[PDB]
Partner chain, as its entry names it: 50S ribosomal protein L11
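So this first bit is one chain, no partners, the form solved without the partner chain, shown in structure tokens.
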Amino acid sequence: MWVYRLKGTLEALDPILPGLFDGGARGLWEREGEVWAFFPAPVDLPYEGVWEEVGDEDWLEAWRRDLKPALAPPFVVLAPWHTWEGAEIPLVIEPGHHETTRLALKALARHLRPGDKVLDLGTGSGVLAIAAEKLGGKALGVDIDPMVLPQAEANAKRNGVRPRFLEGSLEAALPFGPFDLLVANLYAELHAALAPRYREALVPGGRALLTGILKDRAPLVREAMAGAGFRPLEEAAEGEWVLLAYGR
């Protein structure tokens, strides 16, 4: 579809809205002092607006503008353009929308202590590693996808913290361990296969916070973790998602 952009507010353009609808507009939106009228394709209109075809980037921008802060006690996840006047610890992330990220942030605040060394396995946007530094920990975020590293680095900087970010997985992290705590938002079968190496990555008394787990698959993780010598400490869920916390 195409947009016809006009300078002005809906209130000011009121006189010509009927004409835009007669001309076939199916949608209208006031967007920062401009009225955008949406059509299947350009048609002849006397209003002196400008036609432009709508693309995926326009959809992304519109969606972005509709984003609001997301609470994840003790944190609040904010888009770089959000302002927040609450008590919550801010976590600025270039567009924390998932249940699992939320479970992970709340669990992290409980199990992480100032001065703890943290491994955020499958760091992605770097949100967990960033929250760990904000809580007084020292974190390493690793991801097998090199492409996420630059955005993670940039989110860190926006948050005034500096975790270490590295391409790779668990084996790549070992030289920097052992760690006091590992947080891994992955999926149940992967946790199950890594259980033995999770034990190796942590110091005695260390903690493993596992999420990205569907309720129907929780059994797999309980079994592999018990099998690996971990003791369960806490469980929490949101929707169909579960976080399981263990001590080594």
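Positions refer to the first chain, counted from 1. Shifts are known only where both forms have a C-alpha. If you superpose the two forms and keep the largest set of C-alpha atoms that fall within 1.5 Å, you have the rigid core.
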Can you check if, in at least a third of the other PDB entries compared, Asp66 has no modelled coordinates?
no
Cross-entry absence of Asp56, a third or more of other PDB entries
yes
Which class describes the count of deposited residues lacking coordinates between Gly136 and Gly137: none, 1 to 3, 4 to 9, or 10 or more?
none
As stated in the PDB record, which stretch has the larger average Cα B-factor, 76-84 or 98-106?
76-84
Entry-level comparison of average CA B-factors, 203-211 and 46-54, reporting the higher stretch
46-54
Check the PDB entry and point out which of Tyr187, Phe38, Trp59, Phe179 has the largest C-alpha temperature factor.
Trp59
Kindly indicate the residue among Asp120, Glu171, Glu153, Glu167 with the greatest C-alpha B-factor in the PDB record.
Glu171
Please say which third, lowest, middle or highest, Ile93 falls into when its CA temperature factor is compared across its chain.
middle
Is the Cα B-factor recorded for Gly160 in the lowest, middle or highest third of its chain?
middle
Here the Cα B-factor of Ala193, set against its chain, lands in the third termed middle
Mind checking which third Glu30 falls in for C-alpha B-factor across the chain?
middle
Check where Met147 lands among this chain's C-alpha B-factors and tell me if it's the lowest, middle or highest third.
highest
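The protein also exists as the form deposited with the partner chain bound; that form is not presented, and the subsequent description refers to it.
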Look at the candidate spot formed by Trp51, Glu235 and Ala237 and say whether the partner chain comes within 4.5 Å of a heavy atom in all three of them in the entry with it bound.
no
In the entry with it bound, is there a heavy atom of the partner chain that lies within 4.5 Å of any heavy atom of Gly27, even though the partner is absent here?
yes
Taking any heavy atom pair closer than or equal to 4.5 Å as contact, tell me whether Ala226 reaches the partner chain in the entry with it bound.
no
Test of understanding: in the entry with it bound, would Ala218 fall inside 4.5 Å of the partner chain by heavy atoms?
no
Residue contact check: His82 to the partner chain in the entry with it bound, 4.5 Å heavy atom
no
Those residues of 12-33 with a non-hydrogen atom no more than 4.5 Å from the partner chain in the entry with it bound are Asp14, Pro15, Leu17, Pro18, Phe21, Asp22, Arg26, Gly27, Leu28, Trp29, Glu30, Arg31
Superpose on the rigid core, then report which one of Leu194, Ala184, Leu181, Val35 has a CA displacement of at least 2 angstroms between the shown form and the other one.
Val35
Using a rigid core alignment, state whether the CA of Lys215 is displaced by 2 Å or more between the shown form and the other one.
no
Once the core is superposed between the shown form and the other one, does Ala236 show a C-alpha displacement of at least 2 Å?
no
Aligning on the rigid core, do we see the C-alpha of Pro18 shift 2 angstroms or more between the shown form and the other one?
yes
Could you point out the stretches of 3 or more consecutive residues whose C-alpha atoms all move by 2 Å or more between the shown form and the other one when the rigid core is superposed?
1-54, 60-65
